[PDB]
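# Summary of the model geometry
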Amino acid sequence: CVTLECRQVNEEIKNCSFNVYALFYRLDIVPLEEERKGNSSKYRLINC
Amino acid sequence: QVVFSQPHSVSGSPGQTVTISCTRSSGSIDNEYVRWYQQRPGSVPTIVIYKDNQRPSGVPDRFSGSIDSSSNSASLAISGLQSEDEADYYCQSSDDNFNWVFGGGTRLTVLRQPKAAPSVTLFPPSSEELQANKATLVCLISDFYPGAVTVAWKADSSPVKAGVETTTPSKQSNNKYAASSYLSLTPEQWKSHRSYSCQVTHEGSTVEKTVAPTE
Amino acid sequence: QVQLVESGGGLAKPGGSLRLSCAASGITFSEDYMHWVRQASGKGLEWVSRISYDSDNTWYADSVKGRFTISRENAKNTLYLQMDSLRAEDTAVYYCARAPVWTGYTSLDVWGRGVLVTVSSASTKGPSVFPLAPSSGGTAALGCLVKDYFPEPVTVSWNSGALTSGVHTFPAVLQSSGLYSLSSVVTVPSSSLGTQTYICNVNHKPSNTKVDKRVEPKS
Ligand SMILES: *[C@@H]1O[C@H](CO)[C@@H](O)[C@H](O)[C@H]1NC(C)=O
Ligand SMILES: *[C@@H]1O[C@H](CO)[C@@H](O)[C@H](O)[C@H]1NC(C)=O
């Protein structure tokens, strides 16, 4: 599965980069680590 | 280390709005999410608020969280106070090393009975205990409301701040509060003063009882 | 639902070592961050440690770093806390808790029932029981002082349980000696004295001690 690095934008949407920045709905990604206020964290897609 | 400081106690009447603050001692409150937990008597904590102001499903809308950057603080507001809201509340965040940290906690009282001043009974050391070469003065404090008191011991007129142990007020069967305090002495200490006093302060008023070695 | 049941812990001496275990029911353990939180009697929650679902990342409170080690075994839905170099200030109820994906691993939604850990140099010892003799409302107070026992708990009843009105048994104090004391009081009618007898029944199971003490007015 590809890992995303996502953060709050400048439903809920996250600003994510792959592996160049795309906006994903929070419902379509799954945190891989604690989500952070004002910081990025890693996610995977809900399909994978 | 960082401290998240909360008021020790908050009180309100049913239907009122109460607020519980959480002040971060160092760094910025906005560096990390603030969470709030409720711990009712004898039960495990549950989430009230996470991610600063989000409520899990099932948490009533009368709970809300906010952040105030200018005071480096977070706040939990409870509107329409209900009896079941009587609980301890803890904020929670994390520090510069990414360790989680709880606030000191706040005991929330929902005021629901008449104000009652404490009844104080001071027991001198028993004959049996003195024959065992020990001496304990026992100050029992009962039937008061709200459930907060401070206790002060005196030998004659002078404060005694050694050998004192005091319990936190707990509920009686009749739903009033009680507390106890102990002054441990030597038999010679006991016999060498004209009197001892337990002084109990409740809501600004002081109740005093005195015993004297000359039974 | 997910339920967390702690086991292990118990009593140990300063410098000793204990292991806590937590068994999780349900289906989410392999994706959950798992935490330990402790709470001393009458004190606030203190966060201890957490471990990622894949065991690759762990964190520890400054107060326990270097002395505690958190670990997990996902195939058995079990969380561990290895507690070495124990200190008296580690005495507390320890809770297993889950930080699940739905919170973003940010909050503890499910908590265990807790397991007590007591760190003390004191040896098992039964209490001495002393009477607290009674002196408008026609109301007097009498009681029993239960001094210098270890470990907790002690139980007190009055007149073998027949007397319950006005009865209050206080929580224990922990003295510098390392030993506990408590008292039990009962408020009675001033008229009952002389005709009615009052006995406090004290039980300290850890020491196999049972004491019945008659509390008589004094003079
Ligand atoms: C998302 O992040 C990229 C990189 O910082 C930035 O160029 C873009 O404007 C951002 N968009 C939003 C909506 O935050
Ligand atoms: C983000 O992470 C950095 C480094 O981990 C930390 O210093 C900071 O407080 C965090 N929060 C914000 C808002 O940057």
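Residues numbered from 1 in each chain as written, not as in the entry; some residues may be left out. Chains lettered and ligands numbered in written order. Heavy atoms only, no water. Residues with missing side-chain atoms left out of burial classes, pairs and counts.

Deposited coordinates in this entry are attributed by the record to X-ray crystallography, at a stated resolution of 1.9040 Å.

## Concerning the overall build of chain C
Within chain C one finds 0 helices and 19 strands. In terms of overall dimensions, chain C is more spread out than a globule: its C-alpha atoms have a radius of gyration of 23 Å, far above the 17 Å expected for 219 residues. With respect to the three principal axes, the spread of C-alpha positions in chain C is 70 × 35 × 30 Å. (Helix = DSSP H or I, 4+ residues; strand = E, 2+ residues; numbered from the N terminus. Rg over C-alpha atoms; globule rule 2.2 N^0.38 Å.)

## Observations concerning the packing of aromatic side chains
Evaluation of the coordinates by the stated rule reveals 17 aromatic pairs over all chains. Cluster of aromatic residues (ring-pair linked, three or more members): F98 of chain B together with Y33, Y53, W59 and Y105 of chain C. One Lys or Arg, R35 of chain B, reaches over the ring of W100 of chain B and ends 4.8 Å from the middle of that ring. A cation sits over an aromatic face here: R72 of chain C above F29 of chain C, 4.5 Å from the ring centre. (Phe/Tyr/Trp six-rings, centres within 6.5 Å; stacked < 30°, edge-to-face > 60°. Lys NZ or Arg CZ within 6 Å of the ring centre and 35° of its normal.)

## Notes on the domain arrangement of chain B
What the domain assignment lists for chain B is domain 1 (4-110) and domain 2 (119-211). Averaged C-alpha coordinates put domain 1 of chain B and domain 2 of chain B at centres separated by 35 Å. (Domains from an automatic or database assignment.)

## Focus on the site of ligand 2
The environment of ligand 2 is formed by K37, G38 and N39 of chain A together with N31 and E32 of chain B. Ligand 2 is flanked by residues contributed from chains A and B. Within the side chain of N39 of chain A, a nitrogen or oxygen atom sits 2.4 Å from an oxygen atom of ligand 2. Expressed as a share of its isolated accessible area of 350 Å², the protein-covered part of ligand 2 is 49%. Class assignment for the residues of the shell around ligand 2 results in no nonpolar, 3 polar and 2 charged. (Near = heavy atom within 4 Å. Polar contact = N/O pair within 3.5 Å; in protein donor to acceptor, adjacent residues only side chain to side chain. Areas by Shrake-Rupley, 256 points an atom, 1.4 Å probe, with all protein chains shown as cover. Nonpolar A, V, L, I, M, F, W, Y, C, P; charged D, E, K, R; others polar.)

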